[PDB]
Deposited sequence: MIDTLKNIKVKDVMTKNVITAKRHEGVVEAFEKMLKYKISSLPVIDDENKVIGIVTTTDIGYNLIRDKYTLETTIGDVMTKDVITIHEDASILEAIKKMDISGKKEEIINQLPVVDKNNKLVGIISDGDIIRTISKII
C-alpha cells in the first residue's frame, strides 16, 4: 500500500458547493444524484468545509433548517483534508479520527482536486 498514493484512488472532478447556497436545495441535489458529500469551496477553489447527506439529513428531519439557511451557516469549521501525494495508509489513519467517511483531497496549493472515501480504500485493499 506504500506505493499507492491518494491520487491513484480518489474521485476526481467532484461536484462542490459554495457557502452562499441553500442547504435544503443542496440536500435535494445530493439525493437526486446519489452524491454523499459536498466539499465546500471559495472562489479561489480552496476547501473551506464539507457537508454530507447523513449530517444535513439528520438535522433537516429535526426541522432545524429553513429555505433561507445556507451551506455556510451549517458546515463544520475544522474540515479534515488530505494531500494528493499522501499514501493510502496515511488516508486510513486520518479517517480514523472521530468515523469520517470521506476526505477532501487537495494538491500542493490546497486547491481541491478530489475526494477519497471509505469505498475507494476498500476497493483498493481488495486489489491486493
(request) Where the model has no C-alpha, note the corresponding stretch of the deposited sequence, numbering from 1. (result) 1 to 4, 103 to 107, 138
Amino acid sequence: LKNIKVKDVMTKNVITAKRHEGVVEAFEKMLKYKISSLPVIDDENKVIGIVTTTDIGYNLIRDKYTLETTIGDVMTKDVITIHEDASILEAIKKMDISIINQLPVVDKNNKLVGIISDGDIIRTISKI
From here on, numbers count along this sequence of modelled residues.
(message) Going by the mean C-alpha B-factor recorded in the entry, which is higher: 2 to 10 or 117 to 125?
(response) 2 to 10
(request) Mind pulling up the entry and telling me whether 59 to 67 or 28 to 36 has the higher mean Cα temperature factor? (result) 59 to 67
(request) Name the one of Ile99, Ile92, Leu103, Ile41 with the greatest CA B-factor according to the PDB entry. (result) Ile92
